[PDB]
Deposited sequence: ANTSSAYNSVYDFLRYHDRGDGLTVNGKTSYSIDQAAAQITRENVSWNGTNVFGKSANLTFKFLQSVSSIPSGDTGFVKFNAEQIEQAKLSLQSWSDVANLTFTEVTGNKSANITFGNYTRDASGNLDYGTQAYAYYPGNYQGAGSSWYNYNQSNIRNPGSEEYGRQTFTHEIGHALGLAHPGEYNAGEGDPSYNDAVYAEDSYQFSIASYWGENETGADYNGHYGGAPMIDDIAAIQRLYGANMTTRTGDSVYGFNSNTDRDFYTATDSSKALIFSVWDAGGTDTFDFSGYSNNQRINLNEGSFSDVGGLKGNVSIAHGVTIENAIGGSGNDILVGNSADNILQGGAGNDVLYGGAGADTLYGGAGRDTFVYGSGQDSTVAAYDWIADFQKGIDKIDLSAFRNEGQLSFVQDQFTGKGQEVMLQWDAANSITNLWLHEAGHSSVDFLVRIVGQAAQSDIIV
């Protein structure tokens, strides 16, 4: 467990310097044909550095001239024999006090290295190489440009987590306010590959711009299938994301224990708020609002379903079968339990769905619905 702070030193921040080498006396690997970073490489390298400082307590300051630096960047083009090397990609040296520690090197004969802003593998390579220079040891043609779930955990173990990042209400995906290219989709042709770090506020996964059937999971540490890819989005350990918006596809939106606002969008969606007081919008289409236990919608913290469509949407209470299939009752409970009732509040046009579970002395489950609902909309 090597870091810039030493060996087996955990949770300690670092202030590091970096430098784009303009010349070298030698490359520590023995490769030759040094070429300095071009303008695009410089911009993309800084974006990679930023993606690391976003998640862990690292500060990076550029130095120039003859000043030494913790982390350095340079290209090579030839092997130790002086022959052209068009085959290799990049490498980096771990932190330490030895010559070349923290240095990272990239093959200028690779177009992805020269053009990391338009060839995604180049940006990913920068991020990856920097990870090693910091002490880390280890999708349909696209490459994630920022640290993924395990590396976020690992780098935070070394340097501590950055609790100042995006502490406001943050939106990831379409309509993003992150000012990070890897969290931003500007149109439906853009692929998203990221693991979100977010240190506070009420946040949204906006994947509204895609037509693919998506699976969006708001659980900490969980993976989502977004924009037609699989497992391309995850939520880092230590992060709570609150809201999700699906696209025009037939989606599955899985909430977490927090109070979530879930919007299915068009298409026939499945929405599962989970624990907490959730607000659910199925959107256009034949949507299903799923309840997996009495704890999903207690009276003290009940769900709202804000756009329910009688005769079109469904509410799934089949999970309650495990203690005896629910019986639907018209306007009164018997006291026997395992009963469900739809109660119409004519003054406010709200339907209250009350569910009385066996063994409960009071009716403890409620979902409030803005609109009418029928017995035949309820799956028991």
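In sequence order, the deposited residues that have no C-alpha coordinates form the ranges 1 to 43, 182 to 220.
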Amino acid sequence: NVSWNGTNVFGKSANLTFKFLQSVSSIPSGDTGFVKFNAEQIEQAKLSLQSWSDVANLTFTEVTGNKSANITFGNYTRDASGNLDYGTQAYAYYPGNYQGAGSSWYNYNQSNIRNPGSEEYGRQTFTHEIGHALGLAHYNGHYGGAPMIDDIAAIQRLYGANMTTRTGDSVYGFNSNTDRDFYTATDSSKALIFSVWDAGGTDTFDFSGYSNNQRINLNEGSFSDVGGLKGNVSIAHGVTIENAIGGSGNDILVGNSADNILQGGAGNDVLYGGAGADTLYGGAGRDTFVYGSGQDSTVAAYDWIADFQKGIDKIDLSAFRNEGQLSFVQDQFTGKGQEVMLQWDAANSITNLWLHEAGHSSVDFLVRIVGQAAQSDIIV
From here on, numbers count along this sequence of modelled residues.
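Two stretches are in play, 97 to 105 and 213 to 221, and the higher mean C-alpha B-factor belongs to 97 to 105. Across the two stretches, 369 to 377 and 2 to 10, the PDB entry reports the greater mean Cα temperature factor for 2 to 10. You'll see in the entry that, of 347, 42, 56, 49, the Cα B factor peaks at 347. Remark: of 276, 82, 285, 201, 285 shows the highest value [criterion: C-alpha B-factor in the PDB entry]. In this PDB entry, the Cα temperature factor of residue 318 sits in the top third of its chain's modelled residues, the highest group. Sorting the modelled residues of the chain by their CA temperature factor places residue 70 in the highest third. Ranked within its chain, residue 139 lands in the highest third, by CA B factor from the PDB record. Split the chain's modelled residues into thirds by C-alpha temperature factor. Residue 31 is in the lowest one. In the PDB entry, residue 325 places in the highest third of its chain by CA B-factor.
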